[PDB]
Amino acid sequence: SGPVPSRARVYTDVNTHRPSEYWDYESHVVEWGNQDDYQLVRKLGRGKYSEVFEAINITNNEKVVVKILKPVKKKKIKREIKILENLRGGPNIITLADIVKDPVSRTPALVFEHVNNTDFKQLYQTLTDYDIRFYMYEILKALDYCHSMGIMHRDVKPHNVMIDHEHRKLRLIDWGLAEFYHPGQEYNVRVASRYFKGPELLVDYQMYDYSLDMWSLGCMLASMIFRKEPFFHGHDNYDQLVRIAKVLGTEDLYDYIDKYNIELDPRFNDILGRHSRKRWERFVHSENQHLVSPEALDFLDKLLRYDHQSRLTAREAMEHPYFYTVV
Ligand SMILES: NC(=O)CCNCc1ccc(-c2ccccc2)c(Cl)c1
């Protein structure tokens with residue numbers, strides 16, 4: 001009678017028990033300020049529906065970040081704006097300072113606090129085992145916060161984590177794919193970046209929850225501790241599940257799809273194969289061994305599980321012995 005329903009093991013009805021205004025972003029009233037108070041400095045990057053600039057607020061000589069949005073779907077702009085306002089001031093969540101539009105073109109822009117992002121290319125060698133545990137803890141603070149607030153990020157990846165290592169400051173950014181969690185809601189599976197997509201998205205299991213961000217965090221941790229970027233290198237979305245299966249094995253993949261009554265796409269039939277469950281220690285080499293520990297492996301093992309319900313929650317994760325050395 002179709003796939004088996006599922007709901008989050010934590011913060012299940014946080015939106016159900018709150019007023020409609022908190023989660024109804026379509027009904028959210030946005031009030032734009034004037035862009036003229038901002039001075040664009042330099043291009044920091046470019047997304048598919050966004051253009052990110054470094055800027056200065058002329059009124060106080062403060063460095064800000066300006067994200068110009070292509071109005072592809074106003075509903076998505078309203079969703080990002082609503083979520084950013086709801087999470088404002090949360091631990092390690094990018095702060096939305098203002099919302100403005102350019103008078104002439106009317107293109108919407110989000111103004112954020114500034115993060116002085118440390119040279120990551122040069123950073124990949126100076127980070128230690130302590131650094132990884134410390135920064136992992138900080139991302140979990142952000143996730144436990146947005147999950148307690150009924151939001152799932154749905155795009156956790158290195159690119160969306162800004163680190164100012166001189167000041168040990170971490171910010172989770174790009175809430176453009178974030179969504180409000182409503183138990184029983186079927187979500188679009190075309191979220192997150194390929195390398196970070198949870199098995200639920202790949203097998204087309206639409207009733208996912210906050211545990212999706214927990215899979216993405218595992219992908220990130222495995223790439224950090226094992227210095228293998230990305231950890232699951234799929235070449236398409238169908239191949240992505242095969243890359244996971246080569247590590248987690250096909251046995252538990254059927255245990256998963258059977259548990260939730262999932263219909264595997266017939267495109268997998270020829271490519272999936274049969275794979276044994278691998279051991280995390282196999283990924284330890286001379287290059288990475290200085291960042292790998294038993295605690296790190298036990299933690300990793302508990303995040304990268306097929307079954308979204310078996311994954312640690314951000315709270316459970318914060319308690320794990322992997323984090324005993326950090327405040
Ligand atoms: N948009 C950008 O260019 C920012 C790119 N983000 C840099 C970055 C550097 C280090 C980490 C990290 C991950 C795990 C443990 C400790 C540190 C992350 Cl998640 C991200």
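Here, residue 1 is the first one in the sequence, and each next residue gets the next number. Just so you know, these numbers use all the heavy atoms, side chains as well, and skip hydrogens, waters and symmetry mates. Start at 1 and go down the list; that is how both ligands and their atoms are numbered.
A donor-acceptor pair under 3.5 Å is formed between the side chain of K78 and the backbone N or O of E26.
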Throw together a table of side-chain donor-acceptor distances under 3.5 angstrom for residues 313-325, partners on residues two or more places apart or in other chains.
unit_1 : atom_1 : unit_2 : atom_2 : d
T313   : OG1    : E316   : N      : 3.0
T313   : OG1    : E316   : OE2    : 3.2
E316   : OE1    : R9     : NH1    : 3.3
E316   : OE1    : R9     : NH2    : 3.1
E316   : OE1    : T313   : N      : 3.2
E316   : OE2    : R9     : NH2    : 2.7
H320   : ND1    : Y322   : N      : 2.9
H320   : NE2    : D298   : OD2    : 2.8
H320   : NE2    : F299   : N      : 3.4

Name the atoms and distances for all side-chain donor-acceptor pairs under 3.5 Å in residues 88-96, with sequence neighbours left out.
unit_1 : atom_1 : unit_2 : atom_2 : d
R88    : NE     : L96    : O      : 2.9
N92    : ND2    : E138   : O      : 2.9
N92    : ND2    : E138   : OE1    : 3.2
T95    : OG1    : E113   : OE2    : 2.8

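Inter-residue side-chain proximity for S223 and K228 is flagged as unmet; no heavy-atom pair is nearer than 4.5 Å.
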Any protein N or O within less than 3.5 Å of an N or O in ligand 1? List each pair with its distance, or say none.
unit_1   : atom_1 : unit_2 : atom_2 : d
ligand 1 : 1 (N)  : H159   : O      : 2.9
ligand 1 : 6 (N)  : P158   : O      : 2.6
ligand 1 : 6 (N)  : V161   : O      : 2.7

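Not counting sequence neighbours, the partners of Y238 by the ring pair (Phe, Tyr, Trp, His ring centres under 6.0 Å) test are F268.
Ring geometry, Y22 versus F180: the interplanar angle exceeds 60°, so the pair is classed perpendicular (tilted spans 30 to 60°).
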